[PDB]
Amino acid sequence: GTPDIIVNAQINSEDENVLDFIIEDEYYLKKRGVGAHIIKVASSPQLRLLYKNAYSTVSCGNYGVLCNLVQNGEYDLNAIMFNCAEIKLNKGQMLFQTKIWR
Amino acid sequence: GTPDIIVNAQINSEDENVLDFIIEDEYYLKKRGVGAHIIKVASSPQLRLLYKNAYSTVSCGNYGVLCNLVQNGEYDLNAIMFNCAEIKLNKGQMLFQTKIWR
Amino acid sequence: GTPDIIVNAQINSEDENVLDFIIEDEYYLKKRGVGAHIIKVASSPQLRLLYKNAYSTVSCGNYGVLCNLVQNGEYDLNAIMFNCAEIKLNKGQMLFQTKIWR
């Protein structure tokens, strides 16, 4: 049972309608085939933005990310990562972004 | 080959721009790891709303749900569930929602 | 390690706000259970449209498709296919579409 990948949401520096999701700790996993990895998104007030408008998930690499809003409250997010290659994520690396269409 | 999870779409009571997806029958599945489960969405006229505007999928628990519109017609929907924990879904339970951005 | 499914984006004939994704080569794969298949989307200028507005992924069959925008540049797209049944994709067949909400 692989450990969860931890990210923290931050407002993008350039575009206020983009949330950056940063890797909290190094995560390296040399895997084989397309795997599913649970991503743990820390609750933060910035997340509320995702509950106000449509959005598009942006991948920062060779993998796909599935995001879902949560029924309860506006400060959480569910996310699963589908890796294509081997997992070599550095701390502080950007995993993904969500672009909000206002 | 696991049996499909069956849901029925209903208009949310509070927000007319939200479709609730209710579990038709009890589904319990004590699984290990992230699994993919096909969700069977019954055709219903209410689904048409998903073909008129953008939308966001809301998860009602510890799992992620992937929805796709279907090429043919406005009364269907494709959905796959990615469970994070063991599956303990009660009949009449809400699996997920789709929030439509008008 | 299954080979990637190759698609090419084209503007839909009827609706200029729809991108069609056509199968480049025949891909048949009699599989068992829900599998994940990496889809290889050729870079094309038409893709830029996905980076300008919200969109909805439309599935052309019995499978689900996960799309993600890419951090770098407006001419690429990430996509993973989750097959429900056995894979019998013909060359020139439409795999999926993306409907852009302007």
Side-chain angles (χ1 to χ4, degrees), chain A residues 1-9 20-42 57-68 77-98, chain B residues 1-2 29-38 59 62-66 68 80-87, chain C residues 1-7 27 29-41 57 63-72 76-87 89 95-96:
Chain A
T2 89
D4 297 344
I5 293 139
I6 296 155
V7 298
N8 292 288
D20 296 341
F21 290 85
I22 281 65
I23 292 141
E24 192 180 280
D25 305 301
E26 170 176 312
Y27 196 100
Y28 267 57
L29 178 69
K30 157 200 306 162
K31 149 171 261 165
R32 24 109 184 254
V34 172
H37 307 260
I38 289 181
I39 290 155
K40 184 203 218 105
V41 183
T57 301
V58 183
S59 176
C60 305
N62 201 209
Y63 47 77
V65 173
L66 164 69
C67 301
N68 267 182
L77 191 74
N78 279 359
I80 306 184
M81 167 182 83
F82 305 88
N83 68 284
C84 300
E86 60 166 336
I87 319 178
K88 128 196 185 175
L89 315 161
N90 304 94
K91 165 164 186 81
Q93 183 161 326
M94 193 166 307
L95 189 64
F96 73 92
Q97 317 174 291
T98 58
Chain B
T2 89
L29 178 69
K30 157 200 306 162
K31 149 171 261 165
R32 24 109 184 254
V34 172
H37 307 260
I38 289 181
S59 176
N62 201 209
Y63 47 77
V65 173
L66 164 69
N68 267 182
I80 306 184
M81 167 182 83
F82 305 88
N83 68 284
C84 300
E86 60 166 336
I87 319 178
Chain C
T2 89
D4 297 344
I5 293 139
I6 296 155
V7 298
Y27 196 100
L29 178 69
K30 157 200 306 162
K31 149 171 261 165
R32 24 109 184 254
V34 172
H37 307 260
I38 289 181
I39 290 155
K40 184 203 218 105
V41 183
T57 301
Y63 47 77
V65 173
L66 164 69
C67 301
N68 267 182
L69 301 179
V70 324
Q71 203 186 200
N72 224 206
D76 285 288
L77 191 74
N78 279 359
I80 306 184
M81 167 182 83
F82 305 88
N83 68 284
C84 300
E86 60 166 336
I87 319 178
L89 315 161
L95 189 64
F96 73 92

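Values reported hereafter were calculated over all heavy atoms of this structure, with side chains retained and with hydrogens, waters and symmetry mates removed. Here is how names work: the chains are called A, B, and so on, in the same order as the sequence lines, proteins then strands, and each is numbered from 1.
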Next on the checklist: More than 12 heavy atoms of other residues, nucleotides or ligands under 6.0 Å from NZ of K31(B): yes or no?
Outcome noted: yes
Checklist outcome for this item: Between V34(A) and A36(C) the two heavy atoms that sit nearest each other are CG1-CB, 3.5 Å
Checklist outcome for this item: Partner of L95(A) under side-chain contact (heavy atoms from CB on, under 4.5 Å), picked from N8(A), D20(A), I5(A), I22(A), is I5(A)
Next on the checklist: Any non-hydrogen side-chain atom of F21(A) less than 4.5 Å from a side-chain atom of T98(A)?
Outcome noted: yes
Next on the checklist: Can you confirm whether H37(C) sits close enough to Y63(C) that some side-chain heavy atom of one is under 4.5 Å from a side-chain heavy atom of the other?
Outcome noted: no
Checklist entry - Only one of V7(A), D4(A), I87(A) clears side-chain contact (heavy atoms from CB on, under 4.5 Å) with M81(A); which? => result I87(A)
Item to check | Straight-line distance of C60(A) SG to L69(C) CG, nearest 0.5 Å | outcome: 11.0 Å
Checklist entry - Atom CG of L77(C) and atom CD1 of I39(C): how far apart are they, to the nearest 0.5 Å? => result 9.0 Å
Checklist entry - If we only count heavy atoms from C-beta on, is the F96(C) to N68(B) side-chain gap below 4.5 Å? => result no
Item to check | Straight-line distance of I38(A) CD1 to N78(A) CG, nearest 0.5 Å | outcome: 9.0 Å
Checklist entry - Would you say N90(A)'s side chain and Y27(A)'s backbone share a donor-acceptor pair under 3.5 angstrom? => result no
Checklist entry - Got a second to check how far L66(C)'s CG is from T57(C)'s OG1, nearest 0.5 Å? => result 7.5 Å
Next on the checklist: Tell me if a side-chain donor or acceptor on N83(A) pairs with a main-chain N or O of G33(A) at a distance below 3.5 Å.
Outcome noted: yes
Checklist entry - Could you state the interatomic distance from CD (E26(A)) to NZ (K88(A)), rounded to the nearest 0.5 Å? => result 10.5 Å
